[PDB]
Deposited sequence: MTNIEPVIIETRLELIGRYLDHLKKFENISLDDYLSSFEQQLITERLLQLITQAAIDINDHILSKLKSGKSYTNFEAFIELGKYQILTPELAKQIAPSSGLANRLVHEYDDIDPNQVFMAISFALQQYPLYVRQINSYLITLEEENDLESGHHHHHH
């Protein structure tokens, strides 16, 4: 496992969350009225989830050199206790959110993106902390 590959993406997730947090108090009616605010939060959520999918793929490629869907990849990290199983279960559906936001499914419901903001702001800081704690362990073993 290459720490800098993982840490670069974790830092990006943290940056994107920092920007997404600027939206955490916007009312739904103002959100639905502002296409540009929908665009910003949709792209932030896409970038966050795609960075996580990339992190998970890198980690699993070094451990289980088996193939997982993006949803299962979160679950598998839970089995390795790299994520907690509870976080892995909660956050795995953000893989479907990523697909939704690149138009792999049908239209985007802004009401559901609005609610997803608060769950991303809860779950992904924990994802970052858990992956960071794993990376730090690997680094402190090398030392």
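Unmodelled regions of the deposited sequence, numbered from residue 1: 1 to 3, 69, 148 to 157.
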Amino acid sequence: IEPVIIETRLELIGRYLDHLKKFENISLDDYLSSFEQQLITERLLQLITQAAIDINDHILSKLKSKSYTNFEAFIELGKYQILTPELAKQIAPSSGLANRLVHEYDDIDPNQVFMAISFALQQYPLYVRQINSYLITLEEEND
From here on, numbers count along this sequence of modelled residues.
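With 48 to 56 and 78 to 86 compared on mean CA B-factor from the PDB entry, the stretch scoring higher is 78 to 86.
The PDB entry reports B-factors from which the mean C-alpha value can be compared for 21 to 29 and 121 to 129; the larger average falls on 21 to 29.
Take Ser67, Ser95, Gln38, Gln112 and read off each C-alpha B-factor from the entry; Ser67 has the highest. In the deposited entry, the Cα temperature factor of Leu10 places it in the middle third of its chain's modelled residues. The entry lists a Cα temperature factor for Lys62 that places it in the highest third of the chain's modelled residues.
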